[PDB]
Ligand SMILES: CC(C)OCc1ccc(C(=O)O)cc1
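The data below hold one chain only, encoded as structure tokens and taken in the form solved without the ligand.
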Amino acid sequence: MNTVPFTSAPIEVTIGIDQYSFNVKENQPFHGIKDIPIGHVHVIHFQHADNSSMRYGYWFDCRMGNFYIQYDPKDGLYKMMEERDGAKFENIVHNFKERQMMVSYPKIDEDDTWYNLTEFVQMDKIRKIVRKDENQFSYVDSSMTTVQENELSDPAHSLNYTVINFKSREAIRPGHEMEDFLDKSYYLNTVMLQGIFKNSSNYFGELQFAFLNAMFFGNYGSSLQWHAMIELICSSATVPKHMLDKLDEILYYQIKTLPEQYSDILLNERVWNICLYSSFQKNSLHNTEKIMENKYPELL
């Protein structure tokens, strides 16, 4: 079990850790989150009580260093930092626990939710999408735009998701215009899986990371990316069978976890209706289809 201490909490803020969240009052004696499960990526995120816009937060993996949060009163936000002095860090973490100023990562033992949402997400791939190589952790917020969004302004602050575009030369072989547009198997399996992602796990990891960014920060370009990667699979006639079964599980836990009140902006009616009911893989997402029909029948 790992810990992320907080120097202080000077401003009223709602703090999230993965799918859990806590209200912290201005200058309340909050000094971190303990018992964080080792072995998965994690995200700590923030929404100030005074600005319900700009949710922001940090992806990290405790195996990669000792990390803590400190409020910056110049930039006005809670910043993540790395402590390189292992001794000095254990000392802070032990004294705060002794004083019991830390909340416990509130995992129920039955619950594989976070594992299921992050199964293929690796810190190393996150840091290629959020490029800032002087830090071991990655900042994301509501307003960051994606590379594909930027093509259609500041590249330092971009989400470098893999560009998917169904009406592009990359997606369409000369002479197979109609075939490749109606059956994207070539684009998925040769261009994206074999060519760019190398394997399905890296593909699923980017898909899961895009979803989480859309859910936790309302990042709109991430939602576009999540839907594109779903649509590419569902619009391919020839998909490895192990990928379809894993996709049904991936999507199930994402739909399960989504806040009920957000289904209007977070779920693209056209993509979902096409994937579940029109596409080649209409009959291959049985768990995802059952939870969509029982929870969001309006969208369909």
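C-alpha atoms forming the largest set that superposes within 1.5 Å between two forms make up the rigid core. Residues that one form lacks are left out of the comparison. Start at 1 with the first residue shown and count on from there.
Form deposited with the ligand bound: not shown, discussed below.
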| property | result |
| --- | --- |
| Partner contact for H42 in the entry with it bound: the ligand, 4.5 angstroms, heavy atom | no |
| 4.5 Å heavy atom contact, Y68 to the ligand in the entry with it bound | yes |
| Any non-hydrogen atom of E98 within 4.5 angstroms of the ligand in the entry with it bound | yes |
| Distance check, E179 to the ligand in the entry with it bound, heavy atom within 4.5 Å | no |
| In the entry with it bound, residues of 74-111 near the ligand [heavy atom within 4.5 Å] | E83, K88, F89, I92, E98, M102 |
| Mobile segments between the shown form and the other one [3+ consecutive residues, each C-alpha shifted 2 angstroms or more, core superposed] | 96-99 |
